[PDB]
Number of protein chains: 2
Amino acid sequence: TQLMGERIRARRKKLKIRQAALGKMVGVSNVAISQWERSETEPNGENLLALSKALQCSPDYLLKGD
Amino acid sequence: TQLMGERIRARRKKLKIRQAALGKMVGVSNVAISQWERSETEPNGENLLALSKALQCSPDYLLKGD
DNA sequence: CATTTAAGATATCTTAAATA
DNA sequence: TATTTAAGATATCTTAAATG
């Protein structure tokens, strides 16, 4: 029952960086990162790809795990 | 420069399928496909990944090309 | 100080009508 | 009849305020 938001936060925690720092890498605000982690919203196409690169994983892993 | 929508339409033409057929494959309406092709909107995260699979290419190719 | 909540503008969809 | 346009619901973002 793992949500994409939980995978996003776990990968950020692995990097040990703040939401604002991850936001800067992706091109969005720290608030957008927070909304994605809490599963309030999901990243759009371009942001999902940028986020996957910053977190060093595939977009599929974030979307549905593995 | 070439827009993502143009790469989407060209790729669809290659597979020889109608917009409605691609929509069924991705899980959206034929109108959504029309909007992406004309650059009226861009696919969201889940939809871009499903679209890349239906068109047999990477999300990166659709987004930025070569 | 990092994050979440609040308020608000634009983006992304759906269905019905219009167009080629 | 394939695709585009129009209207409208709601998702995805923004910056400021509040909370931990």
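Parameters at a glance
- Residues numbered from 1 in each chain as written, not as in the entry; some residues may be left out.
- Chains lettered and ligands numbered in written order.
- Heavy atoms only, no water.
- Least-squares fit on C-alpha atoms.
- Contact = heavy atoms within 4.5 Å.
- Near = heavy atom within 4 Å.
- Polar contact = N/O pair within 3.5 Å; in protein donor to acceptor, adjacent residues only side chain to side chain.
- Helix = DSSP H or I, 4+ residues; strand = E, 2+ residues; numbered from the N terminus.
- Buried area = accessible area lost by both parts, 1.4 Å probe.
- Salt bridge = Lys/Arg side-chain N within 4 Å of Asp/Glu carboxyl O.
- Nonpolar A, V, L, I, M, F, W, Y, C, P; charged D, E, K, R; others polar.

Per the PDB record, this model was obtained through X-ray crystallography at a reported resolution of 1.530 Å.

**Student:** I keep staring at the relation of the copies chain B and chain A and nothing clicks. Help me out?
**Tutor:** Superposition of the two copies of the chain requires a rotation about an axis together with a shift along that axis. Taken as rigid bodies, chain B and chain A are interconverted by a rotation of 180 degrees and an axial shift of 0.1 Å, the fit giving an RMSD of 0.4 Å. Expressed as a symmetry operation, the mapping of one chain copy onto the other fits a two-fold axis. An overlap of 92% is found between the interface residues of chain B and their copies at the interface of chain A, pointing to a shared contact surface.

**Student:** I tried to follow the protein's contact with DNA strand D on my own but got confused; where do I start?
**Tutor:** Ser29(A), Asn44(A), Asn47(A), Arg9(B) and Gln19(B) are the nearest of the 19 residues found near DNA strand D. Backbone atoms, meaning sugar and phosphate, make up 64% of the atoms of DNA strand D lying within 4 Å of the protein. Here a phosphate oxygen of DNA strand D sits 2.7 Å away from a polar atom, N or O, in the side chain of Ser29(A). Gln35(A) places a side-chain nitrogen or oxygen 3.1 Å from a base oxygen of DNA strand D. Counting residues per element, the surface near DNA strand D draws most heavily on helix α3 (residues 30–37) of chain A, which supplies four residues.

**Student:** Just to check I follow, could you spell out the interface of chain B and chain A for this structure?
**Tutor:** Where the parts come together, the accessible area they lose is often given as the size of the interface. Of the residues lining the interface, 12 residues belong to chain B; the matching set on chain A comes to 11 residues. Taken together, both faces of the contact between chain B and chain A bury some 710 Å²; the carbon and sulfur share is 63%. Interface area lost by chain B to chain A is led by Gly45(B), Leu49(B) and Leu63(B), which between them contribute 45%. At the boundary of chain B and chain A, one finds two salt bridges. The partner of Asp60(B) in a salt bridge is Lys53(A), and the shortest N-O contact between them spans 2.9 Å. At the junction of chain B with chain A, the criterion picks out four residue pairs in polar contact. Within the residue set of the side of chain B that touches chain A, elements represented by two or more residues are α4 (45–54) and α5 (59–64) of chain B. Sorting elements by how many residues they give to the side of chain B that touches chain A places α4(B) first, with five residues. Residue classes in the side of chain B that touches chain A are distributed as five nonpolar, two polar and five charged.

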